Amino acid sequence: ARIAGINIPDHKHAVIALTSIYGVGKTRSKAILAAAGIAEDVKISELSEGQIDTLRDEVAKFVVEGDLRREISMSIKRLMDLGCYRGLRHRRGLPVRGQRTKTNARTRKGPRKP
Amino acid sequence: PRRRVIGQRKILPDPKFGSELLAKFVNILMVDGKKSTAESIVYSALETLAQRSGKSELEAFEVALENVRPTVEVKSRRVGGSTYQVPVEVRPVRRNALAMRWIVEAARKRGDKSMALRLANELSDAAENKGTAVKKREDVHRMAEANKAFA
Amino acid sequence: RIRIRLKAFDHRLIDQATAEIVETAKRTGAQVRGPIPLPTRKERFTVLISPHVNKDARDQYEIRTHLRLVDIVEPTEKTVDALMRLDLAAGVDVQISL
Amino acid sequence: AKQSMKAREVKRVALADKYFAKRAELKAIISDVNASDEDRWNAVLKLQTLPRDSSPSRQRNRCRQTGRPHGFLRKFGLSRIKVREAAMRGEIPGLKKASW
Amino acid sequence: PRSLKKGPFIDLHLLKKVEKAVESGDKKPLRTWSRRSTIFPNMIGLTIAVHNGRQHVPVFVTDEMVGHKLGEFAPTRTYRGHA
Amino acid sequence: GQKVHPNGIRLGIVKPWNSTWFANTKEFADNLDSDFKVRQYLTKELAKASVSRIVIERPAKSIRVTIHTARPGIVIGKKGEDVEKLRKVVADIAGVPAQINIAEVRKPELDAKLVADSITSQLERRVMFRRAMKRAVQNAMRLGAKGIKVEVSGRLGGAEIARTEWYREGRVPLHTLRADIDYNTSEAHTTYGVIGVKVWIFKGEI
Amino acid sequence: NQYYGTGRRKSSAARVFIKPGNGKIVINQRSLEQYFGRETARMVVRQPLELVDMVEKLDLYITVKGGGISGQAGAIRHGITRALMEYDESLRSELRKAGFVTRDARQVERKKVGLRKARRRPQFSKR
RNA sequence: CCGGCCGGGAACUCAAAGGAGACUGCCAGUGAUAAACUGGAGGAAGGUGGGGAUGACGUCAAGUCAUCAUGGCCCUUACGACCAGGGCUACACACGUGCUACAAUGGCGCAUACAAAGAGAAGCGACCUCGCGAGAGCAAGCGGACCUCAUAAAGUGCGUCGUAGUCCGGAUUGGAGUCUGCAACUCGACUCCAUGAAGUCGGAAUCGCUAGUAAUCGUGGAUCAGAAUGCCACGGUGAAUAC
RNA sequence: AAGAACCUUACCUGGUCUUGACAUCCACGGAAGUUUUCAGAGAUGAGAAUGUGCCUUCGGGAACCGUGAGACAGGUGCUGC
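Chains as they are written, first to last, in the authors' numbering: chain m, 2 to 115; chain g, 2 to 152; chain j, 5 to 102; chain n, 2 to 101; chain s, 2 to 84; chain c, 2 to 207; chain i, 4 to 130.
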């Protein structure tokens, strides 16, 4: 009931419990269950430990929870100390993909205080 | 409107057992022109009800419907500029549609595992007189009892 | 085989043209199919009518293009030179296709 | 509507035909599947060094009477103003007022 | 992102300027108006005066700047703050 | 903004088109604007010479221009020569070979373009506007028209404030689509500005 | 022999070829039960065949084109009434009292300029 | 080889041309021997059948001198002309119009039924092969009721999810791409993998709609190299309510 | 505005030309054209080859190119009161 970083829920199905990992979404868990051989509509309460340790190595195949937060944080850090356009937008706290900054972007620039 | 008194629309009856009442009910309960989903909900609410009661489907729906039945309404008119609410004796064809509207408004709340399971809870709760649509009917009756000074 | 395909903008003008070619056909040796009504084409444009603002003020125009199919079968050389002969009108697009 | 602009559009068309004929057979060596590295890296630049206009993506399709850039119709080659005026005068053949 | 079977982009005049500044051995800041060009691994360490529509801002090429384009280090809009 | 163009709606119902040729989409804009150049070029040279409408046929990849004019003797010239001039230049200004034919106008004061020509020339030569409008009205009604309306708009005396005047005689039913309504507008550029003339002539029902 | 009826409803057009036979129904080389599944066209095609109670006596070969399934159901109802009407003409006077011979045109309105979907205005706001 | 595929056939759907047909024409009653109204018959349709186009004299000295034209001023080594780069896409904020949602009348996975209207030659681009996909290669057919865009989607059948911010939501952001284009940084569209924000039906207020309408679902076109949640059109399902 | 990456574009920075990017008339000379190189962000500047076509007053004629002088061109500049 525990993979590389964290606990997965046990009464949920295999792909849904596998998405609780950072770095594993839907297609990642589909490929993980396809490489493991376990049919995805089983529960972790149904499943024993040998299947989940063959799951452990197959999710060690992917860059997952801790070093993935490390990779994303370091990539934003490299852009931010690089001083480029996207880094400077990451620095001020504005959208970086060319959104409209005139009216919208309360997700990026935060909830509407003043 | 301002002039016309035009003839009524005539709908096609209920398919499972021929009634105009259940066709009006599936038309009231529906959403965005989805007739098939609404009639599936209505049928899975009424066949699952007749085994809770014991009678057959139609007249169990009829005394689930007639317990929620507004005898009178209120209205608002004007005589002195005062503009109070005066009660009125309702026509039965709009009484029946207001009954179905109150039943659906009851069933949209009280949330559980289905819409049809919600309806099969609602109509039995109205048919033994402990629902919230019976609370709407007795609140309409109370607001007309308080306003009986004008007639 | 020779088929005649002719288009116009006026159906009153395209009727008389296909009438003339079916008559000059069956004068001499052409058991035709006759004028055959292929569906007309409607080009609907919708322009703004003001020089400036008022987007809601528009005018909708359309072109209609009529089609008639005469398919001359049992062809003789008299059919091909009597189709070489006549020069129907302006506004009529004729194509003889072997 | 600025005679300069009409002059610029008729300027871009005449260069466009000549360098279009050149850059059509110079363009296919870039991205066929499979030519080589060297002709790709030569061909990007020998497509590049030709002047910017003479490419057809710098045309504008102005009106053939007033030179208006916005509100163009490709069927008539006119702006919507001159389409409506020449349609009301009866000069565009077969263009009735649509009413369905 | 440009398609991979096109190759990266650099102007003829900028690339030949870079080559003549390497062959000449001199390392002053040189100016270009070509913000659309990709930086390249032969251009490391030298200063590029990139146009932002008004000025020519000096850009110092780093190891981290290689695959990018030249316009990302010359912001063309000056904003400090409203209030 | 009021009053849809009468020739426009009766193109649907009553009137025929000024241009008569078929074209697919690649030839359409070219034929259209070359015919615009032909009409614009003939406009001056025979707008000294009283024309009402010119119509373009294009049969057999060749342009045919038939003019309707009030004075055909000034149009043909002497010994034909002027119109061969026109023929010689129209096959230059339209590409395809050209033939030009001319009809006579039997009603010189019943076509709205020619009446508008008269009123705009009189307005630019500094006649009073009221005399020109009333004379056009009485002349068309005396030649025989079931109605006329003249509409003259602009400064009209030399004015700080522009004015609009109109005069109808007879009946002129615009909403009736079977009504045969000749209608034309013209402008006279004067020293005080441009003055618009509009002329509706109602000749009967079909 | 072979009696014929054309029904049209809501841009659909059903052709009905009926003959004296068994009670089975065939639409576009499928049977009725496997062509339609919902409660319309199980009532709608039956009501002309049930007001004049002839469900047993005649075979019905049906081709339909266009529209959706309820429009096809109305179109086959209108075709079944006319094709039945080619038998006897007291049938139409008895069936007309419930409808079934009124064609019920009711087309889709065209979308208007400035409106959004042929009646809806786009949200007037005073300021 | 059951696909109208082929002999064939001109019955049917259909395609367009030409006619008919709907007028208070007929019936009874109310109505000043009236105009008319109400009801009835037949009739596909009933009373201007539905929808569109059609905008009277004038008003607002409304809008447009930046589509055009035009009077008068203003400029002429410049307020004119050519180029490269930038900007029109900025952002403490405010408002308008939309789209997506907050789920179970729903979400996801599988199989599957039924449209109309259009566009297409420096264009639309089958089939097959290649990639998870956006796409590429190869490249027939078509100036078109022929070929292509082009599988319609809601629906239906079978499963699973059991009411949680959750298998709802899909913003944001990191990475890897594809295509158009001289060029995708400022500043395109899309695809994949990952992430998984607010949001739990919305204050005072306020808007649209009378029937194939509202609501909802998809498709198409113009502009256009590329770039619609807009605009213009087309169909599918399809109400409630008019004292 | 039925669709701003350059173009569009009218706006700003910088570089450039001013009888002009687009018209007509005079005088002088050269087929028109194509290919190709350098310096340039480019507009542009100097070149290098190839080219000489048709009627013929054939020192001329059309069309294209530059040169100088003006008449003027050009203005999305202002007033929609």
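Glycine included, each C-beta is placed from N, C-alpha and C at the ideal position.
{"query": "Nearest residue (CA-CA) to c/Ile182, options c/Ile162, c/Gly205 and c/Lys49", "result": "c/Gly205"}
{"query": "Segment limits, alpha helix (DSSP H) that includes s/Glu24", "result": "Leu13 to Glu24"}
{"query": "Reduced DSSP category for c/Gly205 - H, G, I as helix; E, B as strand; rest coil", "result": "strand"}
{"query": "Opposing strand residues paired with i/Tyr6 [DSSP bridges]", "result": "i/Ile21"}
{"query": "Cβ-based burial, m/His12 [other Cβ within 10 Å; buried from 16]", "result": "exposed"}
{"query": "Alpha-carbon to alpha-carbon, c/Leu124 and c/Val153", "result": "10 Å"}
{"query": "CB contact flag (j/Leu87, j/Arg9, <7 Å)", "result": "no"}
{"query": "Distance CB(c/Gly13)-CB(n/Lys97) smaller than 7 Å", "result": "yes"}
{"query": "c/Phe37, DSSP secondary structure in three states", "result": "helix"}
{"query": "Proximal residues, the region 20 to 52 of chain g versus chain i, C-beta separation under 7 Å", "result": "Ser37 and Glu40"}
{"query": "Any chain j beta carbon closer than 7 Å to n/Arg9", "result": "no"}
{"query": "Residue ranges of each alpha helix (DSSP H) within the region 114 to 155 of chain c, 4 or longer", "result": "130 to 144"}
{"query": "C-beta neighbour in chain i for residue 103 of chain j, strict 7 Å", "result": "The requested residue 103 of chain j is not part of the displayed model; chain j covers only 5 to 102."}
{"query": "Range covered by the beta strand (DSSP E) that runs through g/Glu58", "result": "That residue, g/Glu58, is in no beta strand (DSSP E); its alpha helix (DSSP H) goes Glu58 to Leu66."}
{"query": "Contact list for the region 55 to 76 of chain s against chain m, Cβ threshold 8 Å", "result": "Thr63, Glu65, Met66, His69, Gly72, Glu73, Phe74 and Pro76"}
{"query": "Chain-ordered chain j contacts of c/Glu58 [CB-CB under 9 Å]", "result": "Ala93, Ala94 and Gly95"}
{"query": "Straight-line gap, j/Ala93 to c/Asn19 (C-alpha atoms, nearest Å)", "result": "15 Å"}
{"query": "m/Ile45 beta carbon less than 7 Å from that of m/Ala2", "result": "yes"}
{"query": "Contact check, i/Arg80 vs i/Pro125, beta carbons under 7 Å", "result": "no"}
{"query": "Straight-line gap, n/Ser56 to n/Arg9 (C-alpha atoms, nearest Å)", "result": "13 Å"}
{"query": "CB contact below 7 Å: s/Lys6 versus chain n", "result": "yes"}
{"query": "Below-7 Å beta-carbon distance, n/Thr67 vs any chain s residue", "result": "no"}
{"query": "Spatial neighbours of i/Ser14 in its chain, beta-carbon cut-off 6 Å, leaving aside the 5 residues before and after", "result": "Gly69 and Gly70"}
{"query": "The beta strand (DSSP E) enclosing g/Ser77, as first and last residue numbers", "result": "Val73 to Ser77"}
{"query": "Chain s within 7 Å of m/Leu83, Cβ atoms only", "result": "yes"}
{"query": "Three-state class that DSSP yields for n/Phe73 in the structure shown", "result": "strand"}
{"query": "Anticipated Cβ contact below 8 Å, n/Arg85 with j/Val77, distance rounded", "result": "About 46 Å separates the two Cβ atoms, so there is no contact after all."}
{"query": "i/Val67 vs i/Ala101 beta-carbon contact at 7 Å", "result": "no"}
{"query": "Where c/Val195 sits in the DSSP three-state scheme", "result": "strand"}
{"query": "Boundaries (first-last residue) of the beta strand (DSSP E) holding c/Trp167", "result": "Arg164 to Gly171"}
{"query": "Residue from g/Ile7, g/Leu124 and g/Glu139 whose Cα sits closest to the Cα of g/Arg111", "result": "g/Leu124"}
{"query": "Cβ of n/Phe77 within 7 Å of any chain c Cβ", "result": "yes"}
{"query": "is_contact[n/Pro94, chain c] using C-beta, thresh 7 Å", "result": "yes"}
{"query": "At least three beta-carbon pairs within less than 8 Å, the region 117 to 135 of chain g to the region 101 to 108 of chain g", "result": "yes"}
{"query": "Under 8 Å from the C-beta of j/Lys11: neighbouring residues of chain c", "result": "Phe23"}
{"query": "Coil, strand or helix - n/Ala15 by DSSP", "result": "helix"}
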